[PDB]
């Protein structure tokens, strides 16, 4: 059990459906081939999820304007917030790799969007923190979340081009999701 992790039990239907997903997957050049390799990436990443998260949390920790989004109103880091989110963030690596991308998947993407946005931020862990994460930074994180992953994908001794195929799947999957999470941020009708 992971506190706050409500995959498959959301209680809002995403405003996007499988037809939206098909066309967005096309925009990001994700095909049947990538499903194979994202799943392959999951087998490779399963044991390293703690290292990856340390890398990501280290990036957060070293940037005051990034750590800021986890802070209590007095500017100090909320330790409980960081730790609770970490378990769901870590699980997300595996969900990205293992889940079928169906309507339950989409409904969670919407939920994750809401949690970054002022709509639901700080509700999941019942914490008091900054109200909203500026959208500029979710798009910006496509880079670190994609690029810092690559080394971990090579850690099971796979062939240069196999690593490359897992990386590309990961790059597309990260981009695809961030695009979906923009929904609560974007003016109604502009998404």
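Residue numbers count along the first chain shown, from 1.
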According to the deposited model, is the average Cα temperature factor higher in 87-95 or in 72-80? 72-80
Between 7-15 and 167-175, point out the one with the higher average CA B-factor as the PDB entry records it. 7-15
Just to confirm, going by the entry's C-alpha B-factors, which of 139, 53, 27, 32 comes out highest? 53
Criterion, highest CA B-factor; candidates, 153, 147, 67, 133: 153
